[PDB]
Structure formats: C-alpha cells, structure tokens
Amino acid sequence: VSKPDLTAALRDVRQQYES
Amino acid sequence: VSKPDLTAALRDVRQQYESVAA
Amino acid sequence: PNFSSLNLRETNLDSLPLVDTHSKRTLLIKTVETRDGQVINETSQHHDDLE
Amino acid sequence: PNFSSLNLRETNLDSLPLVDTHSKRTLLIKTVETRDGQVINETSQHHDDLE
Amino acid sequence: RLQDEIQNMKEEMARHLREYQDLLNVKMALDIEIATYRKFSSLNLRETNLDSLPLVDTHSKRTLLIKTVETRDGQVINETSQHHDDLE
Amino acid sequence: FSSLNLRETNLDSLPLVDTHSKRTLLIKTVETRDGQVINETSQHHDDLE
Amino acid sequence: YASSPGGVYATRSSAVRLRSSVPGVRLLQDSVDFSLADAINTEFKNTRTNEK
Amino acid sequence: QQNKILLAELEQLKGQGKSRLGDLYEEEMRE
Amino acid sequence: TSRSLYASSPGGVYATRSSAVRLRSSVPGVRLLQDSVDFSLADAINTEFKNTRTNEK
Amino acid sequence: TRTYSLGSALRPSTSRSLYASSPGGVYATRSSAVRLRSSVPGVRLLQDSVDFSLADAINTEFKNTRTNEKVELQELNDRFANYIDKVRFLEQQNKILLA
Amino acid sequence: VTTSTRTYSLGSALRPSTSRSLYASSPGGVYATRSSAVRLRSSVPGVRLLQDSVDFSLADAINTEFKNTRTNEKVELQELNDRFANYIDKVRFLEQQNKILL
Amino acid sequence: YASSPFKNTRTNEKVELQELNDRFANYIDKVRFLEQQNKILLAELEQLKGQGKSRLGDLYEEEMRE
Amino acid sequence: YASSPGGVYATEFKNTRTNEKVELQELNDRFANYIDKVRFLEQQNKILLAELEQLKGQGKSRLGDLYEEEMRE
Amino acid sequence: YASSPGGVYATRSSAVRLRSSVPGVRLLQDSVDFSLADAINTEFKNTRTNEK
Amino acid sequence: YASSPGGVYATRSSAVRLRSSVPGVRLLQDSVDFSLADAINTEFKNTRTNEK
Amino acid sequence: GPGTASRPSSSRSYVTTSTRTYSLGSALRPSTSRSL
Amino acid sequence: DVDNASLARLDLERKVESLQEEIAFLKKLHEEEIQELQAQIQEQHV
C-alpha cells in the first residue's frame, strides 16, 4: 500500500502514447 | 507505518488526466 | 383416469404386529433358597412373557 | 394417477412396543437381612416403577 | 463400536457432500442446457481451480504409540509410551 | 452441441488425512517381591490409534 | 403491491437441559397420519385426471 | 405445463407426502 | 411493484451449539429406524407427480 | 419497481451473545497431615521417571502444525501461481478475442 | 421523489460478548503455609536426584519459539494468502479486459 | 430493500487498481494473522511439546534421586 | 454504530461515486494497514511477551528450582 | 464480580423507508441545552467536594 | 461481620425513542438535554466519592 | 409526506450494553482465615 | 446387566415389529416414488 503505484503511472503514459 | 490516509485522488486525477488526453 | 392405482398409499392402515401391550408380563419368580436363614441361591426366574 | 386418497396411520403399529408405557415392572426388593446365619429382617419393598 | 457409529455418520456426511454436489451438477446441467438451448449465453463450466487440492499436510496424527514396558519389573518403572506422532 | 455436466463432488478437491499406526499397549507388571516371583503378567493390547 | 410477510418465525426454545438423571421418561413412538398427504396425492391424481 | 410444474411442485408433497410422514413417525416412535 | 421477503434465516436462526452438564446416562438405544432417510426418490417423485401433470397439460 | 430497501441485503450480525462463566480452575487437592516420627527406616528408594512420550508427540505435533503452516504458505504460493496463470489465461482469452 | 428508505448495519451496534471468567488468584485460598513437625534427627545419606531441569527454561522459551517459528510461517501464510488475493484482483482486471474484446 | 419502480470511469478504474493494492494489504493482514495466530499458538505450545518431554525426564530423575 | 441513509431525495455521477468512495477506500485501507501495523507489532510483541515469560519461567526459576534441590541431595 | 454489559438491541427494522404518509415536516433551529455543560459543572461541584 | 451489597436496583429508563407520530411532523421539540442526566450520573459518582 | 417531513430521525446508535466480568466486591475478601 | 439384556431381547421383538412397519412405509414410499417418476416423465414432456 505504500507503493502508490509508479508502474501504473509508467503504464498510463505507455498505453496513452499507444492510444 | 507508511503511509496513511490518502494517496489515491492525487494519483487517480493524474492517471485519469493521462487516460483523458487519449 | 384408472386412478386408485395411486392411491398415495397404503403405506398402510398398519394394524401391524408391532405390539408389547400385548403386555411384557415380567413374572420375576425370585426363588430365595435360604439354609438356616442364609441365602444359598437366588434363582430369580425372569419369565419375560409378551402376551 | 389422480394421486391420492391416503391411509398412512399407525392403527396397531402405534400401540407400539410400548407396554403401558410400563413393563408391569414389579421391582420386588426382597431385602433379606441375615445375621449369624439367621434371618433377622425380611423387608419386601415393592416398586411398580414405569418402564 | 463408537468408531462404527461415528465413521458411518462420516460416511453419510461424505455421501451428502457428493449428493449436494450431484444437486449442483443438476443445477450446472440446467445452466449449460439453458446455454445450449441458447446455441449462446448461460455458459456453465468449472472446477475448483487454483490451489484447490491444497497443501493439506495433514499429514494427520499417525501416532505410533510403542508401549515399551522394559520388564525388569513394573513399579521399577519403565512405562515408555513412545508417542511417535508421525506426519505422513 | 453440449449439455455435459460431470464436475467435482469433492473427488478433485480431497481431504488428506492419515492415522492408526498401532497403539500397542503391551501392559506388563511383575512385581518381584522380597526376591521371589509372586505374579508374572505379560498383557498384549493393540489399540488401533 | 403484496409486501406481505409469508414467513412466520417457527419459534424454537432450548433452555439449558439440566441433569435428566430422573429415569421416568416413558417411550412412545406415535406417527404419522398424514392421511391428508394421501388425500393430496389423490388430489394430484385427480388434478392430472382433470388435466387429461 | 403450468399444471405440470404445479403437479411436480406438489406430488412429492402428496403421495410421498403421506409415506414420508409414516417414515418420520416411526423415527419419532423409535426414540 | 412486487417485492417480498428475500431474507434467509427468519429471526436470524441457525443451529447454535448447545452443550450441557456432562450427564453420563446409559441409553439402551431402542431405534426408530428411519426409512425416510431422504425418502427423496418420493420427492423427486412429488416433482414427477407434477411433471406427469406438466406433460398432460 | 425493485424489491429493495437500501442496505437491506447485509446487516453484519455481531449478535453472538455467548456467556461461558465455566470454572476451568479445579482445586488440585493437597494434603499434609502432621508427619509423625518417621524413625521407621523401611522407605525403599525408587526414582522412576518421566515418559511423557506424549510431550514428544506434542513436540512432533508442533513440527507437524508448523509444517502445515508452511505447506499452507506453499499451497498459497502455488495458488498465487495458479492465479498468475489465470491472469495469463484472461490475457490469452482477450488476445484470442482480439485475433 | 421516490427513494429507497435507508436501513443500516445495526448488527454491529448489537455487540454483546458477555464473557467474564475466574479472575481469582490462588484457587481454594492456596499458598505454601509453614509445616514444622517433631524434631526427628534422622541422618539421610542424600542420594541425589540431580535436576538438569533446574529451569530447563531455555526449552520453555524454546516452547515459545517452537511457536514463534509457527507465527512467522503463519505470517508468511497470511502474506501469501493476501498475495493470491492481489493476483485474483489482477484476474478480475483481465476478466474485465476480456469483456471489452468480447 | 424491496424497491418496486468514461472520464469518471477512468478515475474509478485507477482507484479500483489502488483499492486492489489496499485489498492486497488487508488480505496480507488476513495472512499475517493466519500465520501469527498459528505462531502465537506454536510458541505458547512448543515448550509444552519438545521440552515438554525432555523436562519430564529431567524431573523424573529428581524424583528418582530422592 | 448506526449510520442513517436518510437525505437521498431524488452515469457520470454513478462512476463518480464508484470513484469518490474508493478514493475513500484506498483511504480507509491505508488507514487499516497503519492499524494493522499496530496489530503486527501487537502480535510480534505478544510472541515476545510469551517468550519473555517462558524465558523467566525456565531460565532462572524452573532450572534453578530443580538443580538447587539436586545440589541439596 | 464478572459483569458482562447488555448488548445494544433496538428497532433496526424501523426506517425500511421513512414514511411519507406523514413526511418529515422538519422544524430546524438550534442553540439548545447545553444544560449538559452546566451538569458537567454540577459534576465538577461534587468533584470539588471530593477533591477537598 | 457480613455487609450485604443488596438493594442496588438500577432503573432501566424506557423512553419511547420515536419522534411525534410516524416519521415525524415535528423535530425541534424533542428535549435536547439528556447528557445532563448522564452528567448527573457522574455528579452522583463524584457525590459518592465525596459522601463516603 | 412519507417522506422526510414524516422524519425518519433514525440515527442508528447501537445500545452497547457493556458486559463486565465483575460481581460487586469480588476483587477483595480480606482472608483472616489463618487457623493456627 | 443380563436382566437388562434379556429385557433388551424383548425390546428387539418390539423394535423388529416397529422396523417391519417402517420398512412397510418405506415400501409404500417406493410405490409412491415410482408413481411420481411416471408423473414427472409425463409432466416434463407434453
């Protein structure tokens, strides 16, 4: 829970650039 | 002990704004 | 409609022989054979008759 | 079938191995108190306790 | 004679487990027969799936109780009830 | 096609459980008394635990 | 709108069952009639015989 | 079929609905 | 506008553990045998005393 | 028209009103009446102890209960591997529906 | 204005746990009361049972660690339980993607 | 309750992803308690098992000494 | 406790409440993992406070209490 | 003396809805007793007698 | 000596706990007070800490 | 009407009847039983 | 324990009598269960 996710923020930017 | 209460709405309104740019 | 073949049975009126009133006549012949006043035998014949 | 009519009842199946309910249980406690080989007391206490 | 009565009650419990799952197989049959009368949509499958024959280890109490009575007499003193509680 | 319904009945999920190793209660007194044998027991129960 | 509660609480009691070392509990095993269930089985035959 | 669903949702409450009631009264008679 | 009692266990009921004083009575165990240990073939047959009504109807 | 009052589906019933007043403490009854002149020497020695093989059965049941507490963590590791293979299965199903 | 009337989770307000038990020390009033008898002068040659369990205690701290070893393995059981629960939520997320592509 | 009659979905997807980590924590609590209620029970027992036979021979040789 | 659902006097606002309450459920469960930190220390401190009584009970008392009677024999 | 306090049972089957057959005609306004703080000072009066 | 603690009969207050009629036609007038009566229950705690 | 003016004022305070493990005076019976 | 057991022998004469009418209710139950199977076969298919 102390992992307010950075891999989600890097997953957003990739799936957002793909879109 | 790390952390409390709130990280969601600052993370969510950002990842929503990224998803909302597309 | 040839019903009364069912007839939701007839698992029956059951005047069956499951009786003990028909009483369980406990004829307890407690034959206390004493010699001199001391018990030598107690031949307790339980005839356990179900009438 | 029009399924029914019904005799399921215990006409002498109840009237069970129930004796009264009581086995005519004639508990004759014949206490033969003997001392030195002689009878000194013969207390024949009947109970007819239900069973 | 109590293991007869108890393990017969655990047979009938173990039978009621399979017979309640037969009633679930009658339900799940009607779920897929409704689905295949649609053939598309009521589809039934599964299966307890993940970890569902678990590590029940358990490995229950296989207690080899050797009563090693070392008879140089009795009050002198060796009632060695060796409980080898094995986990098979 | 289909209506097939063979599924689990707790045969695919199972209890493992094992026990009954033989609780051999070989109870044995003796009782030598005063330097003389006054009884010689050697009992053999196996308890299926 | 029929909001009516068809479920009534079939009220169970079991206060703590003391030392019943009093042996005077006679057996009786009186059952089951239930001839209304064989009347209902006959009404299911009759309702099928009407449906026929 | 609305009669057949009603006969099926009843016939175990009629015919077996007396035989299972003697079946139970002989368990109540056993204790 | 129908809605009715969709609640399970009326009154909150389930078979809560009773356990009393440890009375050691012997009981000689005169069985009522229960030939209705799910006479159930009869209640599937109560559904078929009514599938027979469904086919005729 | 729905058959629903709001919140009626779940009232988590913490009504479990149990009272166990039971006295688990029994008096392990000691006696010591006044120990007279034991100048009678006939007290033979015996020193017979301890088995207690039930305590080594309980030590083996603590190893077995830990080995269950480990085989449960291992079955739940393999169950998380089964749900990673369900992650891969719904990923593979969505890739079949894509193709 | 139609509204579903609010009910509530009042089964949490009904929290009776009426437990009280034997909080009394020394059952039967017991302590080691002084015995002192007739002054018997027996010699006793004192063949010792030695007691290697004069608090074998390292063994009973170890009975607590034969059970701290169970506590750590069971903390890992709960952490790996809740790890399989996290990967079930990862299944629910890909089951939602599988409904989009369907 | 007997009733008879995509932007803010991105915020709910991203916070169902975060509530899934917070349910990982609350399910890891449930696994930490599953193991630790076994671990308290193993610690409150293991001195009654293994030492629970060795301390019983240790005592029977004191009873054997008198 | 007894929360009232009163005040409801009648899809973006459906999905906004699926958001807002779960921007408040990461929340309560970040607070819960900080309470469950208190339960983790209460459990590790409970194994510690059982092990500390096994320590005192065995080490100085029970092993002293025995070998101080063997040394007397 | 093993006191176990009584569990909180009250009418949780109320408010399935609030009724509208007579609705909530709801008289507000506020600034009301507050006699509870004067009674905490009659508590603190008989606390002055217990301190002294 | 053997003093009895008998006579401590705590009276359970059983107010109606429902506002005027059905779900109400008034709201303001329900006597916001009763934390006064529970502050008087702590006045009678501190009175017995005094009096004894 | 039926209705918030019919006022479902049901703030759901659970009446927590706090169960204590205490009979009055049970904590101390000063035991002058020393029957020597 | 023999006076108990010999009265218990007379209990089986009563219990075998009772169980023979239980097995008669169970036979009547099979005859109703066969009529219900024939009703269910007609009820599922018309």
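Note that chain C carries Swiss-Prot numbering, so the residues on display, from first to last, are 416-466.
Cβ atoms are placed via backbone N, Cα and C, with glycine included.
Around C:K439 (SUMO2 cross-link), the same-chain residues at least 6 positions away in sequence with a Cβ under 8 Å from its Cβ are C:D463, C:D464, C:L465, C:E466. Look at C:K439 (SUMO2 cross-link): DSSP puts it in a strand. Residues or ranges marked as SUMO2 cross-link in Swiss-Prot (evidence: a large-scale study or a structure entry): C:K439 (among others).
The feature SUMO2 cross-link is assigned by Swiss-Prot to C:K445 (among others), with a large-scale study or a structure entry given as support. Its Cβ taken as reference, C:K445 (SUMO2 cross-link) is surrounded by 13 other Cβ atoms within 10 Å in the chains shown.
The SUMO1 cross-link annotation in Swiss-Prot covers C:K445, and the record cites a large-scale study or a structure entry as its basis.
In this structure, C:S419 (phosphoserine) belongs to neither helix nor strand by DSSP; it is coil. Within the same chain, no residue at least 6 positions away in sequence has its Cβ under 8 Å from that of C:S419 (phosphoserine). Under the heading phosphoserine, Swiss-Prot lists C:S419 (among others), citing a large-scale study or a structure entry as support.
If you look up Swiss-Prot, you'll see C:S420 (among others) marked as phosphoserine, on the strength of experimental evidence. With a cut-off of 8 Å between CB atoms and residues at least 6 apart in sequence, the same chain places nothing near C:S420 (phosphoserine).
DSSP gives C:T426 (phosphothreonine) a coil state; it is part of no helix or strand. Summarising the environment of C:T426 (phosphothreonine), the number of other Cβ atoms within 10 Å of its Cβ, over all protein chains shown, is 35. Sequence annotations record features per position, and here Swiss-Prot assigns phosphothreonine to C:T426 (among others).
Counting only same-chain residues at least 6 apart in sequence, none has a Cβ under 8 Å from the Cβ of C:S430 (phosphoserine). Sequence annotations record features per position, and here Swiss-Prot assigns phosphoserine to C:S430 (among others).
Under the heading phosphothreonine, Swiss-Prot lists C:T436 (among others).
Within its own chain, C:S438 (phosphoserine) has C:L465, C:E466 as residues 6 or more apart in sequence whose C-beta sits under 8 angstroms from its own. Annotation source Swiss-Prot lists phosphoserine at C:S438 (among others).
Among the features that Swiss-Prot reports, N6-acetyllysine is placed at C:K445, with the record citing a large-scale study or a structure entry.
Here Swiss-Prot flags C:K445 as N6-succinyllysine.
Swiss-Prot lists C:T446 (among others) with the feature phosphothreonine, giving a large-scale study or a structure entry as the kind of evidence. Take the CB of C:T446 (phosphothreonine) and look out to 10 A: across all protein chains shown you find 9 other CB atoms. C:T446 (phosphothreonine) falls within a strand segment according to DSSP.
For C:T458 (phosphothreonine), the count of additional Cβ atoms within 10 Å of its Cβ stands at 9 [all protein chains shown]. For C:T458 (among others), the entry in Swiss-Prot reads phosphothreonine.
Spatially close to C:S459 (phosphoserine) yet at least six residues away along the chain are C:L443, C:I444, C:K445, C:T446, judged by Cβ distances under 8 angstroms. Per Swiss-Prot, phosphoserine is recorded for C:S459 (among others), and the stated evidence type is experimental evidence.
Cα to Cα, C:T458 (phosphothreonine) and C:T436 (phosphothreonine) are separated by 27 Å. Filtering the recorded positions C:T426, C:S438, C:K439 for a Cβ under 8 angstroms from any Cβ of chain Q leaves C:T426, C:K439, in order along the sequence. Sequence-distant neighbours of C:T436 (phosphothreonine) (same chain, 6+ apart, CB under 8 A from its CB) do not exist here. Under 8 angstroms separates no C-beta among the modified residues C:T446, C:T458, C:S459 from a C-beta of chain D. Classification of C:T458 (phosphothreonine) by DSSP places it within a strand.
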